[PDB]
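Chemist:
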Amino acid sequence: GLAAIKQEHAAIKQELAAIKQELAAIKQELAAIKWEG
Amino acid sequence: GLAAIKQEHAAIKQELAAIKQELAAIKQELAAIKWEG
Amino acid sequence: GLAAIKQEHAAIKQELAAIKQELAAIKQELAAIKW
Amino acid sequence: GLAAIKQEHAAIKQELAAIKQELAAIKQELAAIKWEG
Ligand SMILES: [Cu+2]
Numbered sequence: 001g002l003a004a005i006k007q008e009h010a011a012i013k014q015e016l017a018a019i020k021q022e023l024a025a026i027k028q029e030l031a032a033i034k035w036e037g
Numbered sequence: 001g002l003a004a005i006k007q008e009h010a011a012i013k014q015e016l017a018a019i020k021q022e023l024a025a026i027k028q029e030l031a032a033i034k035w036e037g
Numbered sequence: 001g002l003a004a005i006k007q008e009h010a011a012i013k014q015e016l017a018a019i020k021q022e023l024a025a026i027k028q029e030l031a032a033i034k035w
Numbered sequence: 001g002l003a004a005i006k007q008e009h010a011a012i013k014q015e016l017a018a019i020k021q022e023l024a025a026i027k028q029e030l031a032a033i034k035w036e037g
């Protein structure tokens with residue numbers, strides 16, 4: 001069970017990484033938008 | 001015990017998946033307001 | 001140990017709730033930009 | 001095992017706090033774009 005919990009935490013870590021990649025993509029769009037106001 | 005921890009991890013993972021989907025939708029909406037597509 | 005894990009998981013859940021509140025606020029600003 | 005689990009929970013909490021702060025920054029940036037046109 002200690003290894004099982006560590007694996008579940010690793011899965012959560014991967015989803016946090018995917019969220020960080022979406023945040024970066026949003027910031028990229030905001031930078032483009034900022035030129036156009 | 002161990003089973004209840006595993007359930008809480010499943011709920012956390014599911015919520016992170018939903019947050020990720022919402023961020024992807026926000027990114028698409030932002031991209032669409034730019035002058036060039 | 002089990003109570004500590006439960007408390008840590010409750011704190012994580014509360015932060016997820018706060019994140020959903022910020023998402024709603026982002027959506028409000030974007031809707032204002034497009035209104 | 002208990003110390004390792006606590007450390008990973010602290011990492012998850014810290015990642016979520018950082019995600020929340022990035023979202024607050026995105027919200028504030030969008031508000032600036034809203035005001036300036
Ligand atoms: Cu956990």
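In order, the protein sequence lines correspond to chains A, B, D and C.
To convert, note that position 8 of the first sequence is 8 in the authors' numbering; the numbers rise steadily by one, no gaps.
To convert, note that position 19 of the second sequence is 19 in the authors' numbering; the numbers rise steadily by one, no gaps.
To convert, note that position 12 of the third sequence is 12 in the authors' numbering; the numbers rise steadily by one, no gaps.
To convert, note that position 22 of the fourth sequence is 22 in the authors' numbering; the numbers rise steadily by one, no gaps.
Each residue gets a CB set at the ideal place from its N, CA and C atoms; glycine is no exception.
#1: At what residues does the alpha helix (DSSP H) containing residue 35(B) begin and finish?
#2: Do you know offhand how far residue 7(C)'s Cα is from residue 20(D)'s?
#3: At least one CB of chain C closer than 7 Å to the CB of residue 24(D): is that the case?
#4: Would you grab the beta carbon distance between residue 26(B) and residue 30(D) for me? Rounded to a whole angstrom, and I think it's under 8 Å.
#5: I want to see whether chain A comes within less than 7 Å of residue 31(B), judged by CB atoms only; does it?
#6: Please state whether the Cβ-Cβ distance between residue 15(D) and residue 16(C) is less than 7 Å.
#7: State yes or no: is the beta carbon of residue 37(A) nearer than 7 Å to at least one beta carbon in chain B?
Modeler: Quick look at the numbers:
#1: Per DSSP, residue 35(B) is not a residue of any alpha helix (DSSP H), being assigned neither H nor E.
#2: Looking at the two C-alpha atoms, the distance is approximately 25 Å.
#3: For residue 24(D), the answer is no, since every Cβ of chain C falls outside 7 Å of its Cβ.
#4: Confirmed, about 7 Å.
#5: At a cut-off of 7 Å, the C-beta of residue 31(B) has a neighbouring C-beta in chain A.
#6: Yes. Within cutoff.
#7: No, its Cβ sits nowhere closer than 7 Å to a Cβ of chain B.
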